[PDB]
């Protein structure tokens, strides 16, 4: 699906800067064009109004290039006269993307006066004034609800001479009111246009004379976590390789032994082996538990799957980036086969076949012919545990050897040999190594996002959404390795990779607080190192906010914590902490669902209005906003929060 031009914002440089919009495409025209990538319409003007079938935003032409934000456009092609125009430039680090301007493009020219008085052209052809306060920041002379600014990202920031100063990126809010705007300065575009680009870093960086962070992008199975570290060790260095799967980490032992005659150290929360070898294999979690970097222990640290966006991986990489040099490493390598900006492409030996409506097994609105999974080894990804159990039972009743697997079940349930259909969630990646004759992908995932609702503080939501490129490549990747494979899907879509939500940041502080004895202040130092490093997944910078919130959650109750940790829930700390507040006031929990079992015992002694701390789910009980901690987090909501538009 390409992005398509659906209109434009026409500006005037005569007299004062004024604008007006002119819609040119309809919804049916927008969808057909989006699907074909073939747009015959003639672009005109510098500011284009664009849409993606899901979202709509602005696109502004400057120096031959039509630019817009990565968060809105992803890595999509632009609909063009002769077909889809693939992107000329892509800078996820700058939230910046470009395409070669179409014949009818006028473009803008970069400002050269250095005027701090700016005008932002919004999608409703509104021109609102802004005073530059930074190289990439400006304050609105008149605060406005964010809502007003949404849908205008990608729009220009102009100087009085009507020249381009930058493109609108994000809004800086205070209790939801936009006070300043965030933009990609035109200079970041020059640099971006000059950036060296076919950039091949598919080879093991040479360890430098002085500390350096290097990237290593190589296809899956190119030996980034085995062949590479082995070669490094032959040269005399001590190597630490970090991975997010407990299963994979354990697996490197036998494999390394046989393929490289190296008997590595293995470190996981379930098992560690210290051989004394010069190569160590560890999970980010276990690395975080060991206390992070040990001085003088390693010359090279290879962060495998550095595109992974779970909190443990980000905190873990953040730790490596913050302390690796001071502990004596010369080289930190960030390796992945799918860096930020990746799109899934055809696999030579994997046949991709769309699932139709015929077949005896219903699957997300489509069907699975039983002939495709009777006999053989097949893997079926579902977005939830409920689904996994439902499907595994449907199949079992049909006589097909089916088994479900997800967080909590022992991998023991998956048989390693013989016919089976495995019904699983993404938990499968850390729990199981193994390939399949085929994989069927529902193409959806469950994700969490923070909503700064002010009812009374914030909310962490759980919704099921369209998988992104790395998800689809990891799922499809369980077939096709050294064997011919089949990948069947519900939908062909794929959302842009390389981005993650602020709730993942919140999870880092929770993990730092519940497992790693990390104070909110040390967690920030590490997350900051992560955010300051280019080439890694990106997210809004809400470190201060998140740190301020957890900083106030003092004297949790060990017993509750213990139980929320044992349970293996998503935010053991925040849950355990709400629970403790409830207890120090005989107040019942926000509700009585699974999430609050750690209080269950006392159900009969608990009543009154639960003093709500934040919203972690349905609040069936009445609530009170008077508790001191609740007021504190309430005050934490007045912080400056940058949110995308």
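Residue numbers count along the first chain shown, from 1.
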query: Stretch with the higher entry mean CA B-factor, where the candidates are 380-388 and 162-170; finding: 162-170
query: Per the entry, higher mean C-alpha B factor between 141-149 and 484-492; finding: 141-149
query: Per the PDB entry, maximal CA B factor within 277, 242, 538, 88; finding: 88
query: Selection from 503, 401, 282, 202 [criterion: highest C-alpha temperature factor in the record]; finding: 202
query: Record-listed C-alpha B factor of residue 429: chain third; finding: middle
query: CA B-factor placement of residue 467, once the chain's modelled residues are sorted into thirds; finding: middle
query: Third of chain Cα B-factors occupied by residue 577; finding: middle
query: Residue 362 CA temperature factor, ranked by third within the chain; finding: lowest
query: Ranked C-alpha temperature factor of residue 515 among modelled chain residues, by third; finding: middle
